[PDB]
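Q: Quick one: experimental structure and sequence below.
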Amino acid sequence: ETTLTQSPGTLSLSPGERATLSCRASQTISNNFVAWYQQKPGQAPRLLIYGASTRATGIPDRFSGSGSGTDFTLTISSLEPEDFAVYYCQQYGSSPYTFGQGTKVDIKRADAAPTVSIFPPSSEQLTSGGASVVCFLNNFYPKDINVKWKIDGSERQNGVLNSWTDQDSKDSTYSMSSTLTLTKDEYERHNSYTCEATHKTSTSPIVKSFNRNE
Amino acid sequence: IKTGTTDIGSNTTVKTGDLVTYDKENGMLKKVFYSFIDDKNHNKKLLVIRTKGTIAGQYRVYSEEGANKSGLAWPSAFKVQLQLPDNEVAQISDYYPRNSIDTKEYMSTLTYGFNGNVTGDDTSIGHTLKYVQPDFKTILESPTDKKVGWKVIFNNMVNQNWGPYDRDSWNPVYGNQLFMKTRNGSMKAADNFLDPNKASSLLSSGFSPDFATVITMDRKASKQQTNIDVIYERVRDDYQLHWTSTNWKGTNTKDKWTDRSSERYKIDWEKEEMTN
Amino acid sequence: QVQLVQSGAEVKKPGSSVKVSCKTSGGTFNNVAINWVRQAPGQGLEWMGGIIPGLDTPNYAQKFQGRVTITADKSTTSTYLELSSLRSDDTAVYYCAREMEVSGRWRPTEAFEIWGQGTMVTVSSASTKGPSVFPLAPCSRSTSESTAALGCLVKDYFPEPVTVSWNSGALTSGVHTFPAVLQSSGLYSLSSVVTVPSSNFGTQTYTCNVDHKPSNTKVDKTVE
């Protein structure tokens, strides 16, 4: 393969500002053939630029491609409301026609710490022999956040399912849900159940906890 | 919609028109021009069908079977063929080019010699045929009064100062080398084809024929309708490079892909016009 | 108005084989290359293979090892992407994407210009199942003086979708129904939380209405 690797991860900016997405290859992609697609949630992707620099029909001058060797870079001249989406670079010269991992652009509000809430397994689920402990991290910004589960003080990593919401249309925050799924027997093996949210807003984890035997 | 006319002069009257169709699905622009001749002195009517237009070559490296095999599709032939039905009383009088030929550029001036005659020259007012065909021959397909047709097939070709190489070229070490960019160069198979820059323009841009059939029908003829099929096609070859161990080795497969683009035109001999 | 329209979503038992179709609407067909790119839920894009209908020359991604097999058809003006021995990790969206039809193309493909809607293939060893809704509440019963949040837990259902709603649509603001998410068990499981005020607690009981049309089911679980 010829593996592209985009950067940065997210791109927290506001409209009017320019955003410059970068993309770097394992080897030369030739230079003929490097495309940039914009994908919005739910929809297919959308060809913006191709070849390297020349832009596909109907795309506005705002969007702009450039690069050489093993470094290619898309530039949004002046971000417009609709431009906030995911962006994917690709080489389409050598098979397999590899795609970049993707860089997201993200409307920027004031940093916000998460509001954590923890929930023990339901009686209903416990009768079925399952035990899911749920943790809501609500209304934070920016999107990246770390959730750490601790059972009787020790971190637990397997059986954890996380799910982020899309950015809120009103308050521009994100919320995420973390679900630790155990067997009833595994749940009854321990007592203290803790969920710790580490976010950009503080190096102090934001923590909620409960004890099964209470 | 009008059928335009000139005349030369108190003998004849040249009812002339043009009939284009763009076969986007076969990469072909058929241009078919026609000229009716009405020399009252002579007993028959002459129709001179000039079959111009452009067939795209459609040279393409089409897949990659890993970095040691890759296939190229390339045009090893072009044809244009006119053909009247078996029952019909009209006959193919004359046709140009009249013989088969190599010369890079064909060129001749057709004129009407005031005798139901239309002869060609290679050095009284009329138009002239020319068409270029580097690296190709032109073969006259076995004509009779019913059917005439040309096939400009690939002749031979130089390759980066080595060569020349043809479709039946063979070397035991390297096989066929028509479009082999390098011989023992370590790289992706698909990248080791000859750029269309470095071969004939007929392979990339394509061929653009300028042939001329001429048909006669008698004024006395009892049935003045006259249908004719005009078929442009493109034969393409398959040329795969593959690494052996120490070196590359190409090989051609003749006539993999064909593109018969048949149209059929009607000819009103009385009102002297032609239309698809 | 040149355009692509792919086949209907499907769900396949792991070990079986799927094949989605993609028909070309407006515009030409023959020597313009159609590629297939696939996307897992919230994931990267992956080229699988292409085909150049006229030549009928398929171009395959070598990692797949020929499980992927692609074809064209003139009568239908369409391509097909077949995939053998399906697995849990194949569950993805499957876009066909016609190349950009450029003047002098001599390479395979180049730049995927117009795409279809995508087809959803969702491989799971599971038949149509309605959810189990379990409640989400804390065991403090009143804390933080300001407010707290409660919710539902729709679990072990199949296939997607399930429409969750609160108080029969009497409670919009302060709701978060989270994305579906599969499980290694091969069933879906989402959670819908809702935050309400604290002085506004112990006054109104909150029933979430989970709805799931695939099994012909509705569930109304109440919480406090």
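A: Cool, got the structure. Residues are numbered from 1 along each chain as shown, chains lettered A, B, ... in the order given.

Q: C-alpha only now, for contacts and for neighbours.
A: Will do.

Q: So what's the residue count around residue C:83?
A: Close neighbours of residue C:83, defined as other CA atoms under 10 Å in any protein chain shown, add up to 19.

Q: Enumerate every residue touching residue 51.
A: Defaulting to chain A. A:31-35, C:111 (CA atoms under 8 Å, 6 or more residues apart in numbering or on different chains).

Q: nope, chain C
A: Neighbour list for residue C:51: C:33-35, C:57-59, C:70-72, C:79 [criterion: CA under 8 Å, 6+ apart].

Q: In strands, which of the contacts of residue A:51 fall?
A: Of the contacts of residue A:51, the ones assigned to strands by DSSP state E are residue A:35.

Q: From the contacts of residue A:51, list just the buried residues.
A: By neighbour count, with 16 or more other CA atoms under 10 Å in any protein chain shown, these hold A:31-35, C:111 as buried.

Q: Export the residues you listed to a markdown table and append columns for distance to residue C:124.
A: Converted to a markdown table, the buried ones among the contacts of residue A:51 look like this (distance: CA to CA, whole Å):
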| residue | distance to residue C:124 |
| --- | --- |
| A:31 | 41 |
| A:32 | 41 |
| A:33 | 37 |
| A:34 | 36 |
| A:35 | 34 |
| C:111 | 33 |
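
Q: Just flag the most distant two among the residues you listed.
A: Within the buried ones among the contacts of residue A:51, two members stand farthest from each other by CA to CA: A:31 and C:111, at 13.5 Å.

Q: Just the closest of the buried ones among the contacts of residue A:51 to residue B:16, please.
A: For the buried ones among the contacts of residue A:51, the closest approach to residue B:16 (CA to CA) belongs to residue C:111, at 45.2 Å.

Q: Give me the three-state assignment for residue A:197.
A: Of the three states, residue A:197 takes strand according to DSSP: H, G, I helix; E, B strand; the rest coil.

Q: who touches it in this structure?
A: Residue A:197 makes contacts with A:114, A:116, A:137, A:145-148, A:205-207, as judged by CA under 8 Å, 6+ apart.

Q: chain center to stretch A:71-88, what's the gap?
A: Computed by CA atoms, centre = their mean, to the nearest Å, the chain-centroid distance of stretch A:71-88 equals 17 Å.

Q: just stretch A:50-59 next, same as before
A: Remark: stretch A:50-59 is offset 27 Å from the chain centroid, using CA atoms, centre = their mean.

Q: what does the domain assignment say about chain A?
A: Domain segmentation of chain A under curated CATH domains yields A:1-109, A:110-212.

Q: so can I have TSV of those showing distance to residue C:5?
A: Compiled in TSV, the domains of chain A are given as follows (distance: least, CA to CA, whole Å):
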stretch	distance to residue C:5
domain A:1-109	12
domain A:110-212	28
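
Q: Residue B:254: neighbour count?
A: If you count neighbours by other CA under 10 Å, residue B:254 ends up with 14.

Q: my read: it touches residue B:237, true?
A: Yes. Distance between residue B:254 and residue B:237: 5.1 Å, which falls inside the contact criterion (CA atoms under 8 Å).

Q: quick one, what contacts residue C:159?
A: Contact partners of residue C:159, counting by CA under 8 Å, 6+ apart, are C:127-129, C:187-188, C:214.

Q: Next: residue C:114.
A: Residues near residue C:114 by CA under 8 Å, 6+ apart: A:46-47, C:3-4, C:97-100.

Q: again with residue C:142
A: Contacts of residue C:142 by CA under 8 Å, 6+ apart are C:148, C:198.

Q: Next, it: secondary structure please.
A: Judged by three-state DSSP, the three-state class of residue C:142 is coil.

Q: again with residue B:263
A: Assigned state for residue B:263: strand (three-state reduction, three-state DSSP).

Q: if I look at it, how far off is residue B:149?
A: Using CA to CA, to the nearest Å, we find residue B:263 at a distance of 15 Å from residue B:149.
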